[PDB]
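So the structure is just underneath, and the comments pick up after that.
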Amino acid sequence: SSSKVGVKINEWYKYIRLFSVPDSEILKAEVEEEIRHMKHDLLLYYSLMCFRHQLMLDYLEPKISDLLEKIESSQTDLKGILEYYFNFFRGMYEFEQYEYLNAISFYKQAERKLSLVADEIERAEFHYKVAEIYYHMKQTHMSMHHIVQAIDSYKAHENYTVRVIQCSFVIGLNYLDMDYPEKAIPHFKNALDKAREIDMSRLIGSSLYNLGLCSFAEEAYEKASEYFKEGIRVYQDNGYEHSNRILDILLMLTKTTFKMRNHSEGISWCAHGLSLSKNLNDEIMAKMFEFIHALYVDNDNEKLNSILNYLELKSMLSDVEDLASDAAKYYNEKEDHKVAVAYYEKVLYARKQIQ
Amino acid sequence: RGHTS
């Protein structure tokens, strides 16, 4: 009965995409009881699903390399939709490890076999993960192309509220990347209301963070700090004290408190973020708190350029542009127009690289 | 970047 268990793996995937944890645990136990007395590469499909299941668990509540060992072991002569799941899931994992070059390579290999995918929901999953990594790479038009396909499929179906809220995140954030904050606030707000409907604390705090990015773009720095403070509260009050994404909120608050000329609170916030970033062992976010410190405290420019180059070798030209924007503006306000020239030039370089 | 969750 190899088809009966592969069918149950399909249902396991369906409950994974629906973010139904009890159903996912039920079908994990059912399938695992079948694997013992079973006749293929089905063991890879099972392992592939154990991998995807783990990514859902990690997202809900913060090793995996053992599952990567069973995935990377004996992948000889792949074909069909199993090859699609292979490249797609490996791309999701590479995206979670700040490996953008590899995640894009895997996503494109999963895209070649997309006609093998019959479920509109599964294609919506692919389109959303591709639009996500395209927003992070600031390929705004490509990200919009994929995100509208994904959200149309999700909204056509029911109970995919979590994935629709994330699609609202991507849509609004691309509008924000086009200097349209008032066009991005409706989507972030809509996602916030639906985030408190399913009582998804992580999504609520992320909605507060994106809305604060809108107030930051409009230079309403107090309202931005309000969103950042309440997002930090929501994260560190609901079991998300050690989730890496909370650093993105602390970091923005560090800029905002620093921009409001509150040097002391900014000193403390940059310290909170640098310490927690070292604790969670995230070198990327750590060097980004190092930039804000070297810029807003002791004006260390060689350190700024060392960090900007580091961030470029990680293919994170978006964060390179954001930080060079911070430095060029800060030095321009201090009448230091020579070094302000240098960092505005780096913003131009990053924008051209993104193309 | 922003949270694409």
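Ligands are numbered from 1 in the order shown, residues from 1 within each chain, and chains are lettered A, B, ... in the order they appear in the structure tokens.
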
Once you count only C-alpha atoms, what closest atom pair and distance in Å to one decimal does each residue of chain A within 9 Å of chain B have, with rows by chain and rising residue number, as JSON lines?
{"residue": "A:59", "atom": "CA", "partner": "B:5", "partner_atom": "CA", "distance": 8.7}
{"residue": "A:132", "atom": "CA", "partner": "B:4", "partner_atom": "CA", "distance": 6.3}
{"residue": "A:133", "atom": "CA", "partner": "B:4", "partner_atom": "CA", "distance": 9.0}
{"residue": "A:135", "atom": "CA", "partner": "B:4", "partner_atom": "CA", "distance": 8.4}
{"residue": "A:136", "atom": "CA", "partner": "B:1", "partner_atom": "CA", "distance": 6.5}
{"residue": "A:165", "atom": "CA", "partner": "B:5", "partner_atom": "CA", "distance": 8.9}
{"residue": "A:166", "atom": "CA", "partner": "B:4", "partner_atom": "CA", "distance": 5.8}
{"residue": "A:167", "atom": "CA", "partner": "B:4", "partner_atom": "CA", "distance": 7.7}
{"residue": "A:168", "atom": "CA", "partner": "B:4", "partner_atom": "CA", "distance": 8.7}
{"residue": "A:169", "atom": "CA", "partner": "B:4", "partner_atom": "CA", "distance": 5.5}
{"residue": "A:170", "atom": "CA", "partner": "B:4", "partner_atom": "CA", "distance": 5.6}
{"residue": "A:173", "atom": "CA", "partner": "B:2", "partner_atom": "CA", "distance": 6.7}
{"residue": "A:202", "atom": "CA", "partner": "B:5", "partner_atom": "CA", "distance": 8.4}
{"residue": "A:203", "atom": "CA", "partner": "B:5", "partner_atom": "CA", "distance": 7.2}
{"residue": "A:206", "atom": "CA", "partner": "B:3", "partner_atom": "CA", "distance": 5.8}
{"residue": "A:207", "atom": "CA", "partner": "B:3", "partner_atom": "CA", "distance": 7.9}
{"residue": "A:209", "atom": "CA", "partner": "B:3", "partner_atom": "CA", "distance": 7.4}
{"residue": "A:210", "atom": "CA", "partner": "B:2", "partner_atom": "CA", "distance": 6.0}
{"residue": "A:213", "atom": "CA", "partner": "B:2", "partner_atom": "CA", "distance": 7.6}
{"residue": "A:245", "atom": "CA", "partner": "B:3", "partner_atom": "CA", "distance": 7.6}
{"residue": "A:248", "atom": "CA", "partner": "B:1", "partner_atom": "CA", "distance": 7.6}
{"residue": "A:249", "atom": "CA", "partner": "B:2", "partner_atom": "CA", "distance": 8.9}
{"residue": "A:318", "atom": "CA", "partner": "B:1", "partner_atom": "CA", "distance": 7.6}
{"residue": "A:319", "atom": "CA", "partner": "B:1", "partner_atom": "CA", "distance": 7.0}
{"residue": "A:322", "atom": "CA", "partner": "B:1", "partner_atom": "CA", "distance": 8.7}

- Neighbours of residue 171 (chain A) within 9 Å (only C-alpha atoms; same-chain residues fewer than 6 positions away dropped), as a ChimeraX atom specification? /A:143-144,147-148,184,187-188

Restricting it to C-alpha atoms, dump the selection as a CSV table (one decimal), in the first residue's frame.
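Final output, saved to selection.csv:
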chain,number,residue,atom,x,y,z
A,143,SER,CA,8.0,40.2,-6.3
A,144,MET,CA,4.7,41.9,-7.2
A,147,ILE,CA,2.6,37.9,-4.9
A,148,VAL,CA,-0.5,38.8,-6.8
A,184,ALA,CA,1.1,50.3,2.2
A,187,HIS,CA,-2.5,46.3,3.7
A,188,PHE,CA,-0.5,46.2,6.9

- Just the residues within 10 Å of residue 229 (chain A), please, counting only C-alpha atoms, with nothing from its chain fewer than 4 positions along; format it as a PyMOL selection string. chain A and resi 205+208-209+212+223-225+233-235+249-250+253

Could those residues be written to a file, using N, CA, C and O atoms, as a PDB file, in the first residue's frame?
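Printed below is part-v5.pdb as written:
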ATOM      1  N   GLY A 205       2.746  41.243  16.035  1.00  0.00           N
ATOM      2  CA  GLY A 205       3.953  42.034  16.200  1.00  0.00           C
ATOM      3  C   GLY A 205       4.601  42.399  14.878  1.00  0.00           C
ATOM      4  O   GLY A 205       5.116  43.510  14.713  1.00  0.00           O
ATOM      5  N   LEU A 208       2.633  45.307  13.482  1.00  0.00           N
ATOM      6  CA  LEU A 208       3.026  46.536  14.163  1.00  0.00           C
ATOM      7  C   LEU A 208       4.364  47.039  13.639  1.00  0.00           C
ATOM      8  O   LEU A 208       4.547  48.243  13.420  1.00  0.00           O
ATOM      9  N   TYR A 209       5.293  46.121  13.375  1.00  0.00           N
ATOM     10  CA  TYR A 209       6.599  46.505  12.847  1.00  0.00           C
ATOM     11  C   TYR A 209       6.489  47.114  11.450  1.00  0.00           C
ATOM     12  O   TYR A 209       7.106  48.150  11.164  1.00  0.00           O
ATOM     13  N   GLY A 212       5.065  50.531  11.651  1.00  0.00           N
ATOM     14  CA  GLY A 212       6.074  51.455  12.128  1.00  0.00           C
ATOM     15  C   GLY A 212       7.062  51.828  11.046  1.00  0.00           C
ATOM     16  O   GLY A 212       7.563  52.954  11.017  1.00  0.00           O
ATOM     17  N   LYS A 223       5.368  57.989  16.253  1.00  0.00           N
ATOM     18  CA  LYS A 223       4.415  56.927  15.960  1.00  0.00           C
ATOM     19  C   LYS A 223       5.134  55.663  15.515  1.00  0.00           C
ATOM     20  O   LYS A 223       4.701  54.545  15.843  1.00  0.00           O
ATOM     21  N   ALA A 224       6.291  55.826  14.870  1.00  0.00           N
ATOM     22  CA  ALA A 224       7.100  54.672  14.508  1.00  0.00           C
ATOM     23  C   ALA A 224       7.622  53.980  15.757  1.00  0.00           C
ATOM     24  O   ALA A 224       7.551  52.753  15.869  1.00  0.00           O
ATOM     25  N   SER A 225       8.142  54.755  16.712  1.00  0.00           N
ATOM     26  CA  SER A 225       8.638  54.171  17.953  1.00  0.00           C
ATOM     27  C   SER A 225       7.512  53.530  18.754  1.00  0.00           C
ATOM     28  O   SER A 225       7.740  52.555  19.467  1.00  0.00           O
ATOM     29  N   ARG A 233       7.026  44.541  22.581  1.00  0.00           N
ATOM     30  CA  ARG A 233       6.235  44.025  23.689  1.00  0.00           C
ATOM     31  C   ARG A 233       5.505  42.752  23.282  1.00  0.00           C
ATOM     32  O   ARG A 233       5.556  41.739  23.989  1.00  0.00           O
ATOM     33  N   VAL A 234       4.826  42.783  22.134  1.00  0.00           N
ATOM     34  CA  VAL A 234       4.064  41.620  21.695  1.00  0.00           C
ATOM     35  C   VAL A 234       4.991  40.434  21.468  1.00  0.00           C
ATOM     36  O   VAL A 234       4.666  39.297  21.835  1.00  0.00           O
ATOM     37  N   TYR A 235       6.174  40.677  20.899  1.00  0.00           N
ATOM     38  CA  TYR A 235       7.107  39.577  20.682  1.00  0.00           C
ATOM     39  C   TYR A 235       7.620  39.008  22.001  1.00  0.00           C
ATOM     40  O   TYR A 235       7.502  37.805  22.251  1.00  0.00           O
ATOM     41  N   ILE A 249      12.999  44.549  14.688  1.00  0.00           N
ATOM     42  CA  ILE A 249      12.205  45.578  15.331  1.00  0.00           C
ATOM     43  C   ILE A 249      13.086  46.414  16.243  1.00  0.00           C
ATOM     44  O   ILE A 249      13.140  47.644  16.095  1.00  0.00           O
ATOM     45  N   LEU A 250      13.932  45.758  17.048  1.00  0.00           N
ATOM     46  CA  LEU A 250      14.809  46.520  17.927  1.00  0.00           C
ATOM     47  C   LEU A 250      15.675  47.464  17.123  1.00  0.00           C
ATOM     48  O   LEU A 250      15.748  48.661  17.437  1.00  0.00           O
ATOM     49  N   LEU A 253      13.864  50.537  16.087  1.00  0.00           N
ATOM     50  CA  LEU A 253      13.684  51.438  17.218  1.00  0.00           C
ATOM     51  C   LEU A 253      14.984  52.158  17.532  1.00  0.00           C
ATOM     52  O   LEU A 253      14.973  53.372  17.782  1.00  0.00           O
TER      53      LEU A 253
END

- Counting only C-alpha atoms, what is within 12 Å of residue 99 (chain A), bar same-chain residues fewer than 2 positions away, as an NGL selection string? :A and (90-97 or 101-106 or 133 or 136-137 or 284 or 313-316)

Output of the above residues as a short mmCIF file (atom, residue, chain, number, x, y, z; two decimals), in the first residue's frame, restricted to N, CA and C atoms:
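Final file, selection.cif:
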data_model
loop_
_atom_site.label_atom_id
_atom_site.label_comp_id
_atom_site.auth_asym_id
_atom_site.auth_seq_id
_atom_site.Cartn_x
_atom_site.Cartn_y
_atom_site.Cartn_z
N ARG A 90 14.42 22.85 -0.16
CA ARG A 90 15.79 23.26 0.08
C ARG A 90 15.97 24.76 -0.11
N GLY A 91 15.21 25.37 -1.03
CA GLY A 91 15.27 26.81 -1.17
C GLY A 91 14.68 27.54 0.02
N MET A 92 13.59 27.01 0.58
CA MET A 92 13.04 27.61 1.80
C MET A 92 14.06 27.58 2.92
N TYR A 93 14.79 26.46 3.05
CA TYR A 93 15.77 26.36 4.13
C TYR A 93 16.93 27.31 3.89
N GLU A 94 17.42 27.38 2.65
CA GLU A 94 18.50 28.32 2.34
C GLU A 94 18.08 29.76 2.59
N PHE A 95 16.80 30.09 2.35
CA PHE A 95 16.33 31.43 2.67
C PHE A 95 16.37 31.67 4.17
N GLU A 96 16.04 30.64 4.97
CA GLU A 96 16.06 30.85 6.41
C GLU A 96 17.46 31.05 6.96
N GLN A 97 18.50 30.63 6.23
CA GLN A 97 19.89 30.76 6.66
C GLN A 97 20.60 31.95 6.03
N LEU A 101 21.62 33.59 -2.52
CA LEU A 101 22.05 33.06 -3.81
C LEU A 101 21.57 31.62 -3.99
N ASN A 102 21.78 30.79 -2.97
CA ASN A 102 21.39 29.39 -3.04
C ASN A 102 19.88 29.24 -3.04
N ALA A 103 19.18 30.04 -2.24
CA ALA A 103 17.73 29.93 -2.17
C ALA A 103 17.10 30.31 -3.50
N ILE A 104 17.65 31.32 -4.17
CA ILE A 104 17.16 31.68 -5.50
C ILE A 104 17.48 30.59 -6.52
N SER A 105 18.64 29.94 -6.39
CA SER A 105 18.97 28.88 -7.34
C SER A 105 18.01 27.70 -7.20
N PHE A 106 17.66 27.37 -5.95
CA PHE A 106 16.72 26.28 -5.71
C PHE A 106 15.30 26.67 -6.12
N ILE A 133 11.33 36.16 -1.26
CA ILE A 133 12.76 36.36 -1.46
C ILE A 133 13.01 37.45 -2.50
N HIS A 136 12.88 40.73 -0.40
CA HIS A 136 14.16 40.88 0.30
C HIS A 136 15.29 41.30 -0.64
N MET A 137 15.29 40.83 -1.89
CA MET A 137 16.30 41.27 -2.84
C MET A 137 15.90 42.55 -3.56
N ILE A 284 24.62 38.56 10.92
CA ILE A 284 24.08 39.58 10.01
C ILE A 284 23.47 40.73 10.80
N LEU A 313 28.83 41.24 0.28
CA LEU A 313 29.23 39.86 -0.01
C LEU A 313 28.15 38.85 0.37
N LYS A 314 27.23 39.20 1.27
CA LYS A 314 26.07 38.37 1.56
C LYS A 314 24.93 38.59 0.57
N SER A 315 25.15 39.37 -0.49
CA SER A 315 24.11 39.70 -1.47
C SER A 315 22.90 40.32 -0.79
N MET A 316 23.16 41.23 0.14
CA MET A 316 22.09 41.96 0.81
C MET A 316 22.21 43.44 0.46
#

- Task: Do a neighbour search on residue 42 (chain A) at 12 Å with only C-alpha atoms, toss out local chain neighbours closer than 3 positions, and write the hits as JSON, numbers by chain.
- Result: {"A": [1, 2, 3, 4, 5, 6, 7, 8, 9, 10, 31, 32, 34, 35, 38, 39, 45, 46, 47, 48, 49, 71, 75, 78, 82]}

- Message: As an exercise, work out the distance from CA of residue 81 (chain A) to CA of residue 116 (chain A) in Å and give it to one decimal place.
- Response: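 For CA of residue 81 (chain A) relative to CA of residue 116 (chain A), the distance reads 6.1 Å.
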
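Between CA of residue 302 (chain A) and CA of residue 343 (chain A) the interatomic distance comes to 11.9 Å.
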
- Message: Could you check the closest approach to residue 232 (chain A) for each of A:109, A:54, A:87, A:201 and tell me which residue wins, using only C-alpha atoms?
- Response: A:201

If DSSP is run on the backbone, what residues of region 161-258 of chain A are alpha helix (DSSP H)? A reply as a PDB file with C-alpha atoms, in the first residue's frame would be ideal.
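Generated file (part-v1.pdb):
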ATOM      1  CA  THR A 161      -5.620  33.386   6.681  1.00  0.00           C
ATOM      2  CA  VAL A 162      -2.021  33.036   7.896  1.00  0.00           C
ATOM      3  CA  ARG A 163      -0.677  32.893   4.340  1.00  0.00           C
ATOM      4  CA  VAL A 164      -2.953  35.756   3.262  1.00  0.00           C
ATOM      5  CA  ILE A 165      -1.664  37.937   6.112  1.00  0.00           C
ATOM      6  CA  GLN A 166       1.879  37.229   4.943  1.00  0.00           C
ATOM      7  CA  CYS A 167       0.820  38.117   1.395  1.00  0.00           C
ATOM      8  CA  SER A 168      -0.493  41.451   2.684  1.00  0.00           C
ATOM      9  CA  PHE A 169       2.922  41.953   4.274  1.00  0.00           C
ATOM     10  CA  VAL A 170       4.700  41.403   0.957  1.00  0.00           C
ATOM     11  CA  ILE A 171       2.274  43.610  -1.008  1.00  0.00           C
ATOM     12  CA  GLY A 172       2.422  46.567   1.359  1.00  0.00           C
ATOM     13  CA  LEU A 173       6.188  46.267   1.750  1.00  0.00           C
ATOM     14  CA  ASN A 174       6.649  46.531  -2.010  1.00  0.00           C
ATOM     15  CA  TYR A 175       4.493  49.657  -2.033  1.00  0.00           C
ATOM     16  CA  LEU A 176       6.742  50.994   0.740  1.00  0.00           C
ATOM     17  CA  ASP A 177       9.809  50.161  -1.338  1.00  0.00           C
ATOM     18  CA  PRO A 181       3.655  54.491   2.587  1.00  0.00           C
ATOM     19  CA  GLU A 182       0.027  55.636   2.438  1.00  0.00           C
ATOM     20  CA  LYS A 183      -0.561  52.843  -0.092  1.00  0.00           C
ATOM     21  CA  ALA A 184       1.147  50.325   2.223  1.00  0.00           C
ATOM     22  CA  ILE A 185      -0.714  51.215   5.434  1.00  0.00           C
ATOM     23  CA  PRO A 186      -4.070  49.731   4.317  1.00  0.00           C
ATOM     24  CA  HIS A 187      -2.523  46.303   3.671  1.00  0.00           C
ATOM     25  CA  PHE A 188      -0.522  46.233   6.913  1.00  0.00           C
ATOM     26  CA  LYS A 189      -3.586  47.355   8.882  1.00  0.00           C
ATOM     27  CA  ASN A 190      -5.818  44.753   7.211  1.00  0.00           C
ATOM     28  CA  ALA A 191      -3.267  42.079   8.106  1.00  0.00           C
ATOM     29  CA  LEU A 192      -3.142  43.401  11.685  1.00  0.00           C
ATOM     30  CA  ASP A 193      -6.899  43.099  12.171  1.00  0.00           C
ATOM     31  CA  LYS A 194      -6.874  39.567  10.809  1.00  0.00           C
ATOM     32  CA  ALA A 195      -3.815  38.822  12.952  1.00  0.00           C
ATOM     33  CA  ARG A 196      -5.751  39.534  16.101  1.00  0.00           C
ATOM     34  CA  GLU A 197      -8.681  37.470  14.791  1.00  0.00           C
ATOM     35  CA  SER A 201       0.974  36.999  18.319  1.00  0.00           C
ATOM     36  CA  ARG A 202       3.935  36.729  15.951  1.00  0.00           C
ATOM     37  CA  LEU A 203       1.877  38.059  13.029  1.00  0.00           C
ATOM     38  CA  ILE A 204       0.488  40.852  15.223  1.00  0.00           C
ATOM     39  CA  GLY A 205       3.953  42.034  16.200  1.00  0.00           C
ATOM     40  CA  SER A 206       5.085  41.826  12.581  1.00  0.00           C
ATOM     41  CA  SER A 207       2.110  43.960  11.528  1.00  0.00           C
ATOM     42  CA  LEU A 208       3.026  46.536  14.163  1.00  0.00           C
ATOM     43  CA  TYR A 209       6.599  46.505  12.847  1.00  0.00           C
ATOM     44  CA  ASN A 210       5.635  47.038   9.201  1.00  0.00           C
ATOM     45  CA  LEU A 211       3.249  49.862  10.165  1.00  0.00           C
ATOM     46  CA  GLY A 212       6.074  51.455  12.128  1.00  0.00           C
ATOM     47  CA  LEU A 213       8.181  51.267   8.991  1.00  0.00           C
ATOM     48  CA  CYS A 214       5.431  53.288   7.334  1.00  0.00           C
ATOM     49  CA  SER A 215       5.578  55.970  10.037  1.00  0.00           C
ATOM     50  CA  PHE A 216       9.386  55.940   9.699  1.00  0.00           C
ATOM     51  CA  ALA A 217       9.141  56.638   5.969  1.00  0.00           C
ATOM     52  CA  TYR A 221       9.273  59.083  14.335  1.00  0.00           C
ATOM     53  CA  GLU A 222       7.184  59.001  17.529  1.00  0.00           C
ATOM     54  CA  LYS A 223       4.415  56.927  15.960  1.00  0.00           C
ATOM     55  CA  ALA A 224       7.100  54.672  14.508  1.00  0.00           C
ATOM     56  CA  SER A 225       8.638  54.171  17.953  1.00  0.00           C
ATOM     57  CA  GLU A 226       5.142  53.454  19.302  1.00  0.00           C
ATOM     58  CA  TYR A 227       4.682  50.685  16.748  1.00  0.00           C
ATOM     59  CA  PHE A 228       8.212  49.395  17.425  1.00  0.00           C
ATOM     60  CA  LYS A 229       7.719  49.410  21.204  1.00  0.00           C
ATOM     61  CA  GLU A 230       4.393  47.598  21.018  1.00  0.00           C
ATOM     62  CA  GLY A 231       5.830  45.101  18.515  1.00  0.00           C
ATOM     63  CA  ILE A 232       8.741  44.434  20.864  1.00  0.00           C
ATOM     64  CA  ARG A 233       6.235  44.025  23.689  1.00  0.00           C
ATOM     65  CA  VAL A 234       4.064  41.620  21.695  1.00  0.00           C
ATOM     66  CA  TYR A 235       7.107  39.577  20.682  1.00  0.00           C
ATOM     67  CA  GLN A 236       8.744  39.352  24.119  1.00  0.00           C
ATOM     68  CA  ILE A 246      12.644  40.645  16.789  1.00  0.00           C
ATOM     69  CA  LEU A 247      16.034  42.154  16.042  1.00  0.00           C
ATOM     70  CA  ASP A 248      14.552  43.825  12.961  1.00  0.00           C
ATOM     71  CA  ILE A 249      12.205  45.578  15.331  1.00  0.00           C
ATOM     72  CA  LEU A 250      14.809  46.520  17.927  1.00  0.00           C
ATOM     73  CA  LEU A 251      17.073  47.790  15.178  1.00  0.00           C
ATOM     74  CA  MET A 252      14.441  50.099  13.754  1.00  0.00           C
ATOM     75  CA  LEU A 253      13.684  51.438  17.218  1.00  0.00           C
ATOM     76  CA  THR A 254      17.404  52.114  17.585  1.00  0.00           C
ATOM     77  CA  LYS A 255      17.362  54.266  14.453  1.00  0.00           C
ATOM     78  CA  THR A 256      14.143  55.980  15.496  1.00  0.00           C
ATOM     79  CA  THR A 257      15.206  56.851  19.030  1.00  0.00           C
ATOM     80  CA  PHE A 258      18.495  58.065  17.568  1.00  0.00           C
TER      81      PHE A 258
END

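The space separating CA of residue 297 (chain A) from CA of residue 323 (chain A) comes to 14.8 Å.
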
- Would you mind listing what lies within 9 Å of residue 111 (chain A) as an MDAnalysis selection string, with only C-alpha atoms counted and same-chain residues fewer than 6 positions away left out? chainID A and resid 84 87:88 126
